[PDB]
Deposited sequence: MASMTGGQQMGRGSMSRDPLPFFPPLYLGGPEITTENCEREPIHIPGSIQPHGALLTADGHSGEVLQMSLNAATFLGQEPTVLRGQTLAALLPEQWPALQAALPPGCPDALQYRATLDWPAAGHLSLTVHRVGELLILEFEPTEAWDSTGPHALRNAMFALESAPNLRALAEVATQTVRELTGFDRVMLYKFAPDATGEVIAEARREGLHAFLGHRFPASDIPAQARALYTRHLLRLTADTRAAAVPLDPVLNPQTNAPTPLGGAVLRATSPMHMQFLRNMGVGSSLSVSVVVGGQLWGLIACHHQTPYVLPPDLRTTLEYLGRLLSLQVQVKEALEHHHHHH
């Protein structure tokens, strides 16, 4: 089973117990956005990232207890209608907020809790190219090139899982001067079993700055349940420190991947690196999620034949 998280007396993770880290409930976020949680009926703000004033203009203890009807009067009715009790936790409400300076708002529901993420914000020929690839290798090449053109990332790989969960870079698009990873293979423990399971359900994750300290969510436990807040559906969730260290030792300042899912199993990842910290813009992320779904469908075809 999972260890308790660090704020419930759990141990710091080592290579002996990688698979036991409760990565879905870190009780903290990355500093390039802000996160609030709120009661799904009242809209009462229950939890606040400690950096909330940087993005929302009010300190955590001032936001606490206010309602989304007061804080987001133009969005609250639409948000309620969009995310009723019992909807899937990957269903999202999205809005673009005007702010004295836009802010992207992304909301999902887990049980009776709304999870609100705030971050700053500012193809057809490509899809046909993916469709037109005549074999799996060519498809992988086209996908990595297309994603690199979209995003500007220094490296874009297609990382394929073997049946023993080892991984291999099977295609890559890379900036001039970088080392090749093409053909290199990696142990199963580099993406441990609980991560692979999370990535079958929540199809995009990232680390915008591999040296940035996490920002606590407080109070850390959901007051509704006196239990940890599930953050697997939040892109702002803090990343495992073991993985952050892996990336720093690779010379990677920013990382992002999108799951490739075939017959309901995790086939691989579109895995991206940048040498310098880098926030992929929100609109570019949404496009990249869509390409992941389209790639997945294409891989299922090409691999059968």
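- According to the record, the deposited residues with no C-alpha atom in the structure span 1 to 20, 122 to 123, 145 to 153, 337 to 343.
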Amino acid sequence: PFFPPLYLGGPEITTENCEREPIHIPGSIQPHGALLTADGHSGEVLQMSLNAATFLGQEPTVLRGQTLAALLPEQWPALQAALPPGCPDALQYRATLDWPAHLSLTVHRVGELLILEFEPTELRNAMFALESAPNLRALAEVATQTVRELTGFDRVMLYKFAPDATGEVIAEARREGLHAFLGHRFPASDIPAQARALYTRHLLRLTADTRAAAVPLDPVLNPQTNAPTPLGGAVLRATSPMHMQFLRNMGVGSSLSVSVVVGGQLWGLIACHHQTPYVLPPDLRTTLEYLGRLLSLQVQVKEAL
From here on, numbers count along this sequence of modelled residues.
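- Here 4 to 12 and 294 to 302 are compared by their mean Cα B-factor, and 294 to 302 comes out higher.
- Of the two segments examined, 105 to 113 and 87 to 95, it is 87 to 95 that shows the higher average Cα temperature factor in the deposited entry.
- In this entry, the residue among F55, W267, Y278, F246 with the greatest C-alpha B factor is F55.
- Across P73, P216, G233, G183, the greatest Cα temperature factor reported in the deposited entry is at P73.
- Ranked by C-alpha B-factor against the other modelled residues of its chain, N125 falls in the highest third.
- When all modelled residues of the chain are sorted by CA temperature factor, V252 is found within the lowest third.
- Ranked by C-alpha B-factor against the other modelled residues of its chain, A38 falls in the middle third.
- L136 sits in the middle third of its chain by CA B factor, as recorded in the PDB entry.
- Ranked by C-alpha B-factor against the other modelled residues of its chain, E119 falls in the middle third.
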